[PDB]
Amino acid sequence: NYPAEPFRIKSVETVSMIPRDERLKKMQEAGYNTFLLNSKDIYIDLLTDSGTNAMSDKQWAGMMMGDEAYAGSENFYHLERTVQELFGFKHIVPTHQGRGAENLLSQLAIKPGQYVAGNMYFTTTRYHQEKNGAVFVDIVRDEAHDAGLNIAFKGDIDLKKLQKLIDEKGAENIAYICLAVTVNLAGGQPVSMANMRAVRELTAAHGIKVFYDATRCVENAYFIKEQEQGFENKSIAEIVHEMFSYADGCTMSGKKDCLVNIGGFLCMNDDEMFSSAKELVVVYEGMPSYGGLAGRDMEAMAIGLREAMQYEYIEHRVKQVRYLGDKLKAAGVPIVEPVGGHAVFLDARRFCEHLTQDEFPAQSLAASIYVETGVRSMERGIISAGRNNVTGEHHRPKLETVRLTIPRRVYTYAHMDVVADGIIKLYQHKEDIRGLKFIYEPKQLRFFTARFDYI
């Protein structure tokens, strides 16, 4: 079953329906790198679900009532009481987006030499942990690394790996547990309430802190309601509130599940850490009452978080992504499984099994997708993995994928059909997809500006 949009269109965004031949010229001018494409040349932009969401009429009304005061903004107080109500944390500090909050948390909670353990990782989160002296330990369940394994709650932490780490390193040497919901690197996989309670109860017995990377906690809450026995009678808001009752705080990118284009925040329960966070936020972000956000954006984020609690909205969000995955899977197109909350990942290694990884099959598949459909997707393979600057060799990730990342409330099922039909047509002649070679490679951030040509 795939539900209809639980909203109607209030206003539309103009696009340039350029045809295939012109799309080819734009792709060549971008050096076959979708990251170099101009937004104005893209019909359906699936590069990321971060900050690309459509706001409601209620959020736009709030955008007209920005109290832009430097301190004491009414919009901040609205955001504060909303996050306190919905997440249950005692103290909240806004940040301009998620990695601003991660910067704060990692400076507050890590002493050099300590360990941070998590259910896999995200690039910015792990960078700020390591930059502040932590050693990262992956404690995710082993199944999360099987990209073809179709099982529920793949994001769960292995309690046995967590126990092993405590025994071998010592509780006092573990800064915190970093539990992400959902788990982006596994394809957007959810974590169960049962895992969140087990982790809280093991860490509490040792005095270890747990902080959530809550960026897609609402998709996570939908999976819990859909699939975890005993949550059929719970509202999304009830599930979210219980999720965060097992954490000491969180970092949040409002740009994802708060249904906004900018914004985030840091939560915690400890008064002392909150006092230190306020001393630090002014260094990087702004006042504790705006944190690098305009008043109107705190207001949009406060309204959006509350909108995200509506069951019909989050059900349709997740099931629209699932519609895309299901349609591709039905035509035999290889994808990471299960489909996550926010994106479908094509297995470009299997899609283009006639190409070696050094020929960048995901980069090339993403270029072909745009040419055939006007859809932009993200390369998440060897190119994004970067080059080892010491040895000069590629970082070679096991996962060679193209990410079809779905912004919230922006596209329809007909847009999902544009995407799927185009990919399926490409799959039926997949042997024709050509490999790519560098013609320009920057020394760093190569996924952002590298240019290619066909082999």
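Throughout, we count residues from 1 along the sequence that is shown.
Trainee: Tell me whether residue 66 is absent from the model in at least one third of the other entries compared, counting only those where the residues either side are present.
Mentor: Modelled in all the others, so no.
Trainee: Find out whether the coordinates of residue 393 are absent in at least a third of the other compared PDB entries of the same protein.
Mentor: Yes, residue 393 lacks coordinates in at least a third of the other entries compared.
Trainee: Can you let me know which of the two, 136 to 144 or 301 to 309, has the higher average C-alpha B-factor in the entry?
Mentor: Per the PDB record, 136 to 144.
Trainee: Select between 321 to 329 and 112 to 120 the stretch whose C-alpha atoms have the higher average B-factor in the entry.
Mentor: The stretch with the larger mean CA B-factor is 112 to 120.
Trainee: Could you check 206, 296, 255, 342 and tell me which one carries the biggest Cα B-factor in the deposited entry?
Mentor: Among 206, 296, 255, 342, the highest C-alpha B-factor in the entry belongs to 206.
Trainee: Among the candidates 92, 260, 335, 166, give the one with the maximum CA B-factor reported in the record.
Mentor: Max CA B-factor in the entry, restricted to 92, 260, 335, 166: 166.
Trainee: Among the modelled residues of this chain, does the Cα B factor of residue 10 put it in the lowest, middle or highest third?
Mentor: Lowest third of the chain for residue 10's C-alpha B-factor.
Trainee: Just say lowest, middle or highest third for the CA B-factor of residue 125 relative to the other modelled residues in its chain.
Mentor: Answer is middle: the recorded C-alpha B-factor places it there.
Trainee: Against its chain's modelled residues, does residue 372's Cα B factor rank lowest, middle or highest third?
Mentor: Middle third - that is where residue 372 ends up once the chain's C-alpha B-factors are sorted.
Trainee: Determine, from the deposited record, the chain-internal third of the Cα B-factor for residue 264: lowest, middle or highest.
Mentor: Lowest third.
Trainee: Considering every modelled residue of the chain and its Cα B-factor in the PDB entry, is residue 235 in the lowest, middle or highest third?
Mentor: Middle third, going by the recorded CA B-factors of the chain.
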